[PDB]
Amino acid sequence: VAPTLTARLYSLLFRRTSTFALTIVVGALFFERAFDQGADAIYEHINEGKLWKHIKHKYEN
Amino acid sequence: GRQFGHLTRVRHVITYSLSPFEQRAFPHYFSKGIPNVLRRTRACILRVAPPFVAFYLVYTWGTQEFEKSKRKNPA
Amino acid sequence: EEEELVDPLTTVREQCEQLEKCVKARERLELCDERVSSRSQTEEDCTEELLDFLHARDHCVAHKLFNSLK
Amino acid sequence: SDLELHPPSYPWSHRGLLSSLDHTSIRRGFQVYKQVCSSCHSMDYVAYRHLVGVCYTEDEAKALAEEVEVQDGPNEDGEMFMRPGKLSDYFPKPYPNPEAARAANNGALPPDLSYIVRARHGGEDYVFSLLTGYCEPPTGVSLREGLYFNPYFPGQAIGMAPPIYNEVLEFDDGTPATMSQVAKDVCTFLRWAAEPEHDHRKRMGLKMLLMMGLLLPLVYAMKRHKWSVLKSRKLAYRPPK
Amino acid sequence: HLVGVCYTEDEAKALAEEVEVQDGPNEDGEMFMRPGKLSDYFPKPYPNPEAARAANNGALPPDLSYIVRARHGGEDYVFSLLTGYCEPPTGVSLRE
Amino acid sequence: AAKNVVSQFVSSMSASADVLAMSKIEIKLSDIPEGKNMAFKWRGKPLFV
Amino acid sequence: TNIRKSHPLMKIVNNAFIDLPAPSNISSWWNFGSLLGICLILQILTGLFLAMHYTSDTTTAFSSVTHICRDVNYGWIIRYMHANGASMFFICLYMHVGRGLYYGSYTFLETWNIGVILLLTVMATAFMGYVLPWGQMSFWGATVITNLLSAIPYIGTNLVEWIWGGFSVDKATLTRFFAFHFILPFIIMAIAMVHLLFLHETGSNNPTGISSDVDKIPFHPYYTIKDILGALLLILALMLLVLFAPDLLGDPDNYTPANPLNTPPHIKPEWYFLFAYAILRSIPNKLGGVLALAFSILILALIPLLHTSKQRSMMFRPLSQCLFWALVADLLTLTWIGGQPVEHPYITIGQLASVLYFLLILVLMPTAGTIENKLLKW
């Protein structure tokens, strides 16, 4: 579940340049989302000055 | 121009190489690595460092003289 | 104005203005202040000693100020 | 006159590399701009719609624009009438020709606010130290009774009167309008009008650092892997005899 | 522009002096009147295009500076227009 | 990263001080007699009534 | 046969980035050539997008620049990438020239001389760039600079007025500067290709200054990826600048709209000309100042004639290394002085540093080479 691990990745997906590409493109899609939200939340925590205040003013529309 | 096979004449030199997939990208990286940078530093400080401190000094003095000059006691 | 609003500036400035570095600078202020008063045809005008005092005070101002400000 | 003093380092809430603005503080600072500053200060580059994403909401921003009159385009007669105020307009108001500022305040112009923080040397600090740090003229230096005193000013002969303790305000929820407090907010807002992109940039900058911290080692390892062949290559010289 | 063409320095100055322009602001932020240089142009009639309409009625006497080159037929279109005014034939009433 | 820089440069060619769309013009009907097509300027576009 | 090797178009690529025999030992310092390549394209790309909203009229010049940063989607990064990229272009330019000097690379006369033309061209390019926003520093910078040309005897007044398009830096002058700032980078590129054309007759030099025909490697795995890793490092530097400190190298005054009556007490160039600026004002003369200003740049064309050492690089020459580092240190002094008023200390130190610059390149460095030869019994 470790030597055979990168071995499977190579066997099932990296051998052909076909899959290799398909995997990084499928891998670019998910990663974008995970990095975006994941980094927004880090930018979110170190702050709390912007639109956390929204709950007040709005709603009264 | 240039090309390979038309560069120059070389004789009696063997070159053993190993595939990148069989060796490590960072062998003794910190082990052999850091000693080398210190050694490269020793080799060059006396040639790089001095000119710069001469400026560092001329800079701090130069600033002090200027700022201290726009002040005055008698007359 | 006359009496009613507590300026944090004024509050923290007191404690600040006091302190060592500023005591000394204000000393020269007053020293030089009283020289210029004591004459007529002079021009050594005390502009400098004021700024030095202010610097020392103001550095300490910034460091201790904003903490309380809401 | 040819002698000067430099501002301290105030701990603004947007001083850090990855530090947002206090958007509640930009509000009150806009309020400070609206009444006090506005009568003399032109903020030609900011508009009402600019505030929407920042502090207020659609509705609130509309309303604030509606509390002024603009001078809208011509109709059939070749006119020039007045309109409530959109969201589309900007904040150009004080007075037309630059000479009118002079005629009023006296041969001096309250320099436009929209770009101040970024145009001084020292940012909000210069302005904060100016506004808050007003003082009294020492020995032998008389002025011209329109030339007030400020240590944080080139030459120290300034044409602006100290307008920070005139306690106005609508700190909605409840914030005391001391000289200090109105000054932080007015500068916090000014930072924003000079650099509206401020926050978003630091969010990208955060991401730039995280991406680089992931990319840098990886590209390095890619390159070392390919350079391997050369780094461990061994040579031998074997001449005849 | 007229100097090299028809008139002389002096004459051209004078013709500009027979109007008033609305020169730049001074100390108070003003907008006063000036005799007329040589430097100014001929923009005068009225400001907004809508004023032409308000006057002549929903119509603008199109700017003259580029007319000859903007019609189709040059001076001929304009000459034939100006000179060749006539009377409305049968059944076609106008709007006074 | 490539997406983001490319997307940003692509986006730079859309909005601006072009969010306008206010208009909502109120038109007086008695100004247009029978058989006439009166054109107005609405949201930067010609509006026929 | 292959496809890369034979196709008319691909040949060029192959012969320049794939099979090109490169020395196996070139280090970072050799990366600045590709980095200048990237900076050139980066300047062109962000430069084009800015031109899609920028107005070349004094009435709206500043406003259009402001319009870009607030209203245009992502207009601000594009604007700062442009501004900061111009600085990145000068840091790389300076590394590149210095690398050439230390290493003896200038012995490739045509390549190097073309390089001098490339330096002048991006300099002329960046100067015109800075005037475009029509800030106080743009206008007074434009003023102080152009007016230098009025020191040229008998022709100077007419020359300055000819490029001005009037008696001052006005309407005619801004639009003018836009056009030239648009066309110059394309010409630069054609010249960068001729630069690379001459470079190809010999291939690259290397740290030892000794010929490397004996150990060349393909540019094809080794230098493609090393240039890649290096461009990533250029991006870091640029982005660090633009997403955290976009005005750090900028002057807060170019933020106040041009005012032909208001002369700022300041008045200094963008940092990349500060050393030349310092050399210029060190001279109590109108003609001499500009004669020596010019000579502080055109001297790079005299360098190959002043090579005196029997070795090419400085790797094996200690005395020469010290003199080189004193040149770089002297250039810090020059920029520092150039960014300071012409009052106390500053006048005499900036005056002596100017003499040193020319004493170093013109007399000291050559003399060292002769001495070094002698120590080696050569």
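In order of appearance the chains are A, B, C, D, E, F and G, and numbering begins at 1 in each one.
Note that a contact is a pair of C-beta atoms (placed from the backbone, for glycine too) under 8 Å apart; a residue touches a chain by one contact, two chains touch by 3 or more.
Composition by chain, UniProt nomenclature: A = Cytochrome b-c1 complex subunit 9; B = Cytochrome b-c1 complex subunit 8; C = Cytochrome b-c1 complex subunit 6, mitochondrial; D = Cytochrome c1, heme protein, mitochondrial; G = Cytochrome b.
Any chain bridging chain B and chain G, meaning touching each of them, is among D; the list is complete. For the pairs D-E and C-D, the count of C-beta pairs in contact is higher at C-D. With chains reduced to the mean position of their C-alpha atoms, the one farthest from chain G is E. We define each chain's centre as the mean of its Cα atoms; on that basis chain B and chain F are separated by 61 Å. One finds 34 Å separating the Cα centroids of chain A and chain D.
One inter-chain figure worth recording: chain A and chain G are separated by 41 Å, centre to centre, where each centre is the mean of the chain's CA atoms.
Our note on geometry: chain D versus chain F, Cα centroid distance of 32 Å, whole angstroms.
Residues of chain A in contact with at least two other chains: none. Within chain F, contacts with two or more other chains are made by residues 17. Chain contacts: chain C has residues 48 touching two or more partner chains.
Residues 24, 63, 66, 69-70, 76-77, 217, 221-222, 225-226, 228-229, 232-233, 235-236, 239-240, 242-244, 246-247, 252-253, 255-256, 265 of chain G are the ones that touch chain D when the two sit in their complex.
Across the interface of their complex, chain F is touched by residues 47, 49, 86, 88, 211, 215 of chain D. Within the complex formed with chain G, the chain D residues making contact are 17, 45-46, 50, 111, 114-115, 118-121, 154, 196-197, 201-202, 204-205, 208, 212, 215-216, 219-220, 222-223, 226-227, 230. Taken in their complex, chain D has these residues touching chain E: 74-79, 95-103. Per the touch definition, chain A reaches chain D in the complex via residues 35, 39-40, 42-43, 46-47, 49-51, 53-54, 57-58, 60-61.
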